[PDB]
Every structure is written in C-alpha cells, then in structure tokens.
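Take a look at this single chain in structure tokens; it is the form deposited in one PDB entry.
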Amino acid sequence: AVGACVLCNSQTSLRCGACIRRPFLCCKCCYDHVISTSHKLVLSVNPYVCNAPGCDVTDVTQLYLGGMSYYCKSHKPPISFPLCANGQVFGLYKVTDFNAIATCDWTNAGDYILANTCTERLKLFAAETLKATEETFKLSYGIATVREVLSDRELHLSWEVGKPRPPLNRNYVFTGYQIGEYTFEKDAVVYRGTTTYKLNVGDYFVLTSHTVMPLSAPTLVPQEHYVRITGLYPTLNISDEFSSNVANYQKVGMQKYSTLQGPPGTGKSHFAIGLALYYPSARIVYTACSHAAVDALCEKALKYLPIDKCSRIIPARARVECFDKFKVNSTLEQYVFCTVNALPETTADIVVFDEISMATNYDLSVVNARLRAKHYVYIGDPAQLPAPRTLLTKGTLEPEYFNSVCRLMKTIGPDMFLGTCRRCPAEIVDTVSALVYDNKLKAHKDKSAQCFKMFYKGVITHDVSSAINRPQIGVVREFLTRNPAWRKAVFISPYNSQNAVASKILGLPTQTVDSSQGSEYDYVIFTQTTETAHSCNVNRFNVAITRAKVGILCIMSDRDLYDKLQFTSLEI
C-alpha cells in the first residue's frame, strides 16, 4: 500500500488500478497518467471510488474528497475537493513513455523499442508488464484432451472448441496433467513427452503459465571502473591455450560488468572457462537462459576445470535431460552451472551470463536480483537470434532492442570482441563478416571448396502457417546421390514442417535455425523454404550458415541473400 513513484521516485500511496502491474505514481505523475490515458482508476489505502451506495463512479477525474470519503459530482457534500485538479491527484506525500508501456498490447515492435530506450525503472516496469501480458495471453488458448494412444511415440488429438488452438511446434512447451512437460510436432501427429508415461485417454494439458514475480534489481548494475583488478587473484602460470584472452580477463577484473561479442566459433565458451583458470580461486556462477547453453558450458568445463569443484543445478521439475557429469544441486561448489530461472540466491566473485542475445530484460533483472557478484560477464552476439516474443506480430525487433546488454553492444560497442572464427570454412566467414560484422570477423580456416549455393524457389506449401518446400528437398535428394560424403549432413531450415518432411524423405537429422544456435556440424544442408521476413532475417541466416565446420549446401529462395553467399553456385 505504500511505496515510490515509478517515474520520479517521489513517495506515494497512489497506484494505478488500470495498469496490469499497479505501479506507484506520485501526485503529479498519477495526474499526467490519468488525464492522457484511458486509465482512470486510482488506488490509495482505499480505492478512489464513489462511496454512495449503488454508485459505480470509479473515474478519478469524476471523483471528490468529501470529508474522509470519496464521492462523484452526483453524491458529494457541498464541502468537497476534486481528487483531480491543479496537475495533481490527491494523495499522501503531496510521462509519454510510461503511458505507452502501460497501455500497449505488445503486438508491435515499437513497444519493445520503447521498453529498451526508456529509463532503467521504466525498463523493469515494461519487462514486468510484458511478461504478465504474455502469461495472461496463455490463458486465451484452449485446453486439449487425449483422443487415442496410436503408439509409444505417436497419437491423434481432441480440443475444447471456442478458444484458439495454439501451433504444433517445439516452441510451445505445455505442462501435463502433473505428468511432465509435453511438446508437439506433425491426421497423424506426434506426442513428445519427456517423461515416459502412457498418455491416458481423457487426460489434459495446459500452456506453461508461470506466475510473474516483480522485478526490483536493474537489468544492468551501475557501471564501476577500477584502477586495479578488484577481488580477483590472477596467475602468471596461465596456460598458453588461454593466453590470447589475458588482456580481456584483466579487463573483466577491472570493471563491475563487461560485454563480450563473440561471433560463431570465435571462442566464447573457451573464454568463459579460461576466466576460471585465470582467476583460479574465484567462485564462478555460469548462467544462461536455456539448459542447452548451460550444458555447453558444462562440456567445456569438464575438459579444463576440476570435476569435483563443479555442480550442475537442476530444478526438481526435470523438464528435459541435461548434463549428467557434475554433482547435482550443490550451490556451494566453486563452479556452479545453472539456468537463469533455476538460480539460487547466492553470491559469486564472477557471474558469467552466456548467450546474451537470448536474454530478455526480465532475465537480466532476475540474475541481478538472485546473484550478488564482484564481477558480471555478458557473453553473446547481437548478430545471433533473440528470445522468441510470442506477442510480437507487427514489425521486426532489431538487435539493439533485444535487451540492455545488446543495446549497449550495438550503440557504444562491446567491451571485448572475438575477431577470429575458428569453426567455419572461409566462404562462410567472409559472407557473415560482410553481412552482420562490418568486415571485422576474420577466417582462421582456408576456403573448404565444399560451400555450395543453389537458387531454387520450388513450391511453397503450408501446414497451417508453417512452411514446406518439397521441390527444395527433392533438389537435396538429387545432390546427395552425387555427393555421398554429404550422407551425414544435418538438415536445417527456418521451419519445423519443412524439417519433418525432409526427415522422412532424406533421413538426415533435422534442426530449425533457432534450435541449431550454439551447435556445430561438419556438413549442413540448408533449404530457405520461403522468402518471408522470418526466412530472410539476417541474424537467422547468419546462425544458419555458421553451423558448418566443413561444408554447406544452401538452397535459396531470396535472390538478395543468394547473391551475398560467397559460395560456388550449382546448376539444375
């Protein structure tokens, strides 16, 4: 009931009853809010509503202070004061950007632009409002119910009518009923339940709708620059293997927080684990939003750090199988590997937050609120993929607006940049260097002469909204017959339905561009499928072609990206 104004910090009893998150607004800011938005309900110790029996006047601009109570113009006594007047709303302790965040529906890109350009307190207000909006929207979808048990991995389903049916993709992890988190993918559909339980006919599932907690900590702590390495103890016996990062590790210890832009295969995980060998007594918490990003840090640590000082934090609700080689759930070990949403309340000498393009301002804040560290390291690449914004349907979200860390990397530049790609053949490195890295990314490898491109629009079919291009898969089939070494390639496309079709026709392992991020393969076969904003997205295209260590075949739909690929063209 008592607190500080989100816009000016002036103390108040006044909150907005029309905002989904009921923020405290001072007498001045509350007035500026109510008089320019449809938000007219104001909440003090008691709500600002007409106290006359049966009266439904709740608009603050139509209410007055009559004695110790509130009344409308129709019910107030002769000695009464308007609650709204003189640029202030009556309350104890006596804007444009706040209004827009408070009233938007989060379906436009401009909403996320504003949520990243505003003041720090407005960033938390926006992040809390957005996440609560996202969670409420999850209730709009309808409940599902098991129609039959086709086999151990397949089935056919039934829905409750009247409410919209969400898409069948590995993008919507539903929680099961308490029978583990289930997922779906394409009348013969596939039930993907992480927990091996015979799906009882009649049971139901609901979207993973977790309650949104308030944010208190900023997305980024205030920057502090030091003249000496603070609270960390370096070595001069630093392995030659990590010597290239020595100046950057010293930079880490001389600032409160630091940003590292690491293009694909430039050594992000090597840098993160090497930071532990450079400050060998430091307690490091390694965090990322996904279990995949956390497990990739676990694999690198397994090679350089002592296994007895590592612990993989796994929440009681075992969602998917993750890293099995560290002692599970020991918060006090020197090296703790844990996803953002599962972080314990602890302190650290260094916090390493990896895959920063996938973080939201909500995640940035959670880390600041759960971990109190001497140093914070943000590793990622704003030229890679951001977290999916399920409400966003209009406009494209540019990298400078992914989150606060990405905004800094795009506006003032990152503090550290890993300039040499060690993974990809030079054809790929040269293409992405010009496309998203302003020619600052260099190739370690020579050209492989196994990077091919083909311009083939094919035929686009749609599975509801997800796209398929059977002729592009047919072209891959013909290529495989003449290129048997490509037998072990991973098939990548921007669409789950295209991948399901390629999996049956080609028999190759499949991956969407979004799920390939952070992974690498000798050979990659990419079919663009369509020429939509989704399939032409430069960050997605960058991720797609940088998965390859040796060769890549790109079957393209977009002339622009096809011309930019510095690959040998194929005919047919």
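Sequential numbering from 1, following the sequence displayed. Under this definition, the rigid core comprises the largest set of C-alpha atoms superposing within 1.5 Å between the forms.
Undergrad: Would you say residue 101 is missing from a third or more of the other compared entries?
TA: No: coordinates for residue 101 present in every compared entry.
Undergrad: Considering only other entries where residues before and after it are modelled, is residue 318 without coordinates in at least a third?
TA: Yes, residue 318 lacks coordinates in at least a third of the other compared entries that model both of its neighbours.
Undergrad: Between residue 177 and residue 178, how many deposited residues lack coordinates (none, 1 to 3, 4 to 9, 10 or more)?
TA: In the deposited sequence, 4 to 9 residues between these two have no coordinates.
Undergrad: Mind giving me a quick count class for deposited residues absent from the model between residue 94 and residue 95? Options are none, 1 to 3, 4 to 9, 10 or more.
TA: Missing residues, residue 94 to residue 95: 4 to 9.
Undergrad: Take the C-alpha B-factors listed in the entry for 84-92 and for 98-106, compute each mean, and give the stretch with the larger one.
TA: Per the deposited B-factors, the answer is 84-92.
Undergrad: Return whichever of 518-526 and 51-59 has the greater mean Cα B factor according to the PDB record.
TA: Per the PDB entry, the higher value belongs to 51-59.
Undergrad: Could you check 207, 480, 502, 490 and tell me which one carries the biggest Cα B-factor in the deposited entry?
TA: That would be 207.
Undergrad: Per the entry, which of 381, 398, 321, 438 tops the list for Cα B factor?
TA: Going by the entry's C-alpha B-factors, 321 comes out highest.
Undergrad: Among the modelled residues of this chain, does the Cα B factor of residue 160 put it in the lowest, middle or highest third?
TA: Highest third, going by the recorded CA B-factors of the chain.
Undergrad: Relative to the other modelled residues of the same chain, rank the CA B-factor of residue 27 and answer lowest, middle or highest third.
TA: Within its chain, residue 27 is a highest-third residue by C-alpha B-factor, going by the deposited values.
Undergrad: Residue 326's Cα B-factor: lowest, middle or highest third of the chain?
TA: It falls in the top third of the chain.
Undergrad: Quick check on the deposited entry: does the C-alpha B-factor of residue 46 sit in the lowest, middle or highest third of its chain?
TA: Highest third, going by the recorded CA B-factors of the chain.
Undergrad: Would you please rank residue 222 by its C-alpha temperature factor against the other modelled residues of its chain and give the third it falls in: lowest, middle or highest?
TA: It belongs to the highest third of the chain when residues are ordered by C-alpha B-factor.
What follows is about the form deposited in another entry, which we do not show.
Undergrad: Looking at 513, 508, 545, 50, which has a Cα shift of 2 angstroms or more between the shown form and the other one when the rigid core is held fixed?
TA: So the only displaced C-alpha belongs to 50.
Undergrad: Kindly check if the Cα atom of residue 64 is displaced 2 angstroms or more between the shown form and the other one relative to the superposed rigid core.
TA: Yes, its C-alpha moves 2 Å or more.
Undergrad: Is the C-alpha displacement of residue 78 equal to or greater than 2 Å between the shown form and the other one once the rigid core has been superposed?
TA: Residue 78: C-alpha displaced by 2 Å or more between the shown form and the other one.
Undergrad: After core superposition, I'd like to know whether residue 89 moves between the shown form and the other one (criterion: C-alpha shift of 2 angstroms or more).
TA: Yes, shifts by 2 Å or more.
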